[PDB]
Amino acid sequence: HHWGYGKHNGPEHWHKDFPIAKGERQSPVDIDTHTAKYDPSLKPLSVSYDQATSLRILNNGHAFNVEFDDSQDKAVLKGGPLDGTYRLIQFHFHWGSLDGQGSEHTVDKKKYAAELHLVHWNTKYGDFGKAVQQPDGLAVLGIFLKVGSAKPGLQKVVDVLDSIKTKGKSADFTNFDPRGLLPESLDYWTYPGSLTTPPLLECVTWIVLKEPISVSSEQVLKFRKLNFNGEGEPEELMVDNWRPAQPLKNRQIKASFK
Ligand SMILES: N#Cc1ccc(N(Cc2ccc(OS(N)(=O)=O)c(Br)c2)n2cnnc2)cc1
Ligand SMILES: [Zn+2]
Ligand SMILES: [Zn+2]
């Protein structure tokens, strides 16, 4: 009746409504460090988030998202395997029902507690809507979350979740600096892929950081208090909103580090 993450409308069923689910460059994938290829031609990532302007945070029934004002050439991502400039539009997370799972990408089959996705679109296409129709339209920066010490820059996000528990709930969320969610190193793996949720379009250049950020057990626990349902409907906790690894096919994962 609509896609979701349940047993009867989850990832395994998506191909019926979106045939591209069985495509040639689907994401996420397992990053095999035995086969990842170091490429000396890969340039360092250039992240310019000082002018980032957050607007609001909302629960859309798939996860929670923080939206940014991508009107001006404010926060942009460039460098790395990218040609041109990509503007930050929003970020969201994927997590599990327990600390042992939750990430979309995996490294040598290892799953992390959660995964953060910072979504950017190629300015040469004018807007996000036109960018998703192009093979090089989007660039998503993926960051793994491991459980350990708390991440100070994430607390503002965690504390506001109590106010957007159900689908449709939103809350003003201005002055949030995404630089507080980045790890020390920007070394990365990159490969051509797709959106991990329907419509599953193959328009993404994936940039997955090698270094995960540490978040406390208390912080991740708050993620699991959200609901997939809207206020008034049967309670269904928002957990395990991740897609399993897909076939690598004829693709090569490149590493920016030796
Ligand atoms: N049709 C359609 C459609 C679906 C989702 C969006 N996203 C949110 C969004 C959600 C998932 C996503 O893919 S992912 N998991 O980051 O790989 C990406 Br990439 C972007 N969105 C919302 N506002 N800016 C982007 C936009 C259009
Ligand atoms: Zn080996
Ligand atoms: Zn995502």
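Deposited coordinates in this entry are attributed by the record to X-ray crystallography, at a stated resolution of 1.76 Å.

*Asks:* Hey, could you run me through the overall build of the protein chain in this one?
*Replies:* Secondary structure assignment for the protein chain yields three helices and 15 strands. Scaling as 2.2 N^0.38, a compact globule of 258 residues should have a C-alpha radius of gyration of about 18 Å, and the protein chain matches this with 17 Å. A buried classification covers 51% of the 258 residues belonging to the protein chain. For the protein chain, contacts bridging at least 24 residues in sequence account for 70% of all contacts bridging at least 6. When the accessible surface of the protein chain is summed, it comes to about 12,000 Å², and 50% of that surface belongs to carbon and sulfur atoms. Once the 31 positive and 32 negative side-chain charges of the protein chain are each reduced to a mean point, those two points are 3 Å apart.

*Asks:* Any chance you could explain the coordination of the zinc ion (ligand 3) here in plain terms?
*Replies:* Angles between donor atoms at a metal ideally measure 109.5 degrees for a four-coordinate tetrahedral arrangement and either 90 or 180 degrees for a six-coordinate octahedral one. Within the protein, the zinc ion (ligand 3) binds to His 92 (NE2), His 94 (NE2) and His 117 (ND1); these donor distances fall in the range 2.0 to 2.1 Å. Seen from the zinc ion (ligand 3), its four donor atoms lie at angles of 101 to 115°, and the figure they make is tetrahedral. Between consecutive donor residues of the zinc ion (ligand 3), the sequence gaps follow H-x1-H-x22-H. Taken together, the residues span a long stretch of sequence, with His 94 in strand β7 (residues 86-95) and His 117 in strand β9 (residues 114-122) at a distance of 23 residues.

*Asks:* So what exactly am I meant to see when it comes to the packing of aromatic side chains here?
*Replies:* Ring pairs (aromatic) are described by centroid distance and by the angle formed between their planes. Taken as a whole, this structure holds 15 aromatic pairs when the rule is applied. Their ring planes at 35° and their centres at 5.5 Å tell us that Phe 64 and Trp 95 sit as a pair that is tilted. Residue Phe 64 is found in strand β5 (residues 64-68), and its partner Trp 95 is found in strand β7; the two are separated by 31 residues along the sequence. Judged on exposure class, the residue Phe 64 and its partner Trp 95 are both buried. Measuring from centroid to centroid gives 6.1 Å for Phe 91 and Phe 93, while their planes differ by 85°, and the two rings are edge-to-face. By relative accessible area, which is 1% here, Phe 91 ends up buried. For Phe 93, a relative accessible area of 0% gives the class buried.

*Asks:* Where do I start with the UniProt feature "binding site: Zn(2+)" in the protein chain in this structure?
*Replies:* Feature annotation in UniProt places "binding site: Zn(2+)" on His 92, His 94 and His 117, given in this structure's numbering. Of the residues just listed, which span 26 residues, no C-alpha pair is farther apart than 8.2 Å, and they cluster in one region. Here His 94 is in contact with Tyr 5, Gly 102, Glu 104, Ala 114, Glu 115, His 117, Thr 196, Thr 197, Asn 241 and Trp 242, once residues within four sequence places are set aside. Each residue touching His 117, except ones within four places of it in the same chain, is listed here: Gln 90, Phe 91, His 92, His 94, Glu 104, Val 140, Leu 141, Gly 142, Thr 196 and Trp 206.

*Asks:* Looking at this model, I keep getting lost on the pairing of β5. Mind explaining?
*Replies:* On a regular strand, one side chain projects to one face of the sheet and the next to the other, so that they alternate. Among the five residues that make up β5, four are buried, leaving the element largely enclosed by the rest of the structure. Note: strand β4 (residues 54-59) against β5, five bridges, orientation antiparallel. Counterpart to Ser 54 in the pairing with β5 is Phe 68. Counting the residues that bridge the hairpin from β4 to β5 gives four residues, and of these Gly 61 lies at a positive phi of roughly 90°. Pairing between β5 and β7: three bridges, direction antiparallel. In the sheet register, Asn 65 faces β7, and the bridge partner there is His 92.

About the criteria used
Residues numbered from 1 in each chain as written, not as in the entry; some residues may be left out. Chains lettered and ligands numbered in written order. Heavy atoms only, no water. Helix = DSSP H or I, 4+ residues; strand = E, 2+ residues; numbered from the N terminus. Rg over C-alpha atoms; globule rule 2.2 N^0.38 Å. Buried < 20%, exposed > 50% of the residue type's maximum accessible area, 1.4 Å probe, protein only. Contact = heavy atoms within 4.5 Å. Areas by Shrake-Rupley, 256 points an atom, 1.4 Å probe, with all protein chains shown as cover. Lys, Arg positive; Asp, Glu negative; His and termini not counted. Charge placed at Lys NZ, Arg CZ, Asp CG, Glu CD. Donors = N, O, S within 2.8 Å, 3.2 Å for Na, K, Ca; no water. Tetrahedral: all angles 85-135°; square planar, octahedral: opposite > 155°, others 65-115°. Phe/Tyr/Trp six-rings, centres within 6.5 Å; stacked < 30°, edge-to-face > 60°. UniProt positions renumbered as here; feature names shortened; annotations may be inferred. Pairing = 2+ DSSP bridges.

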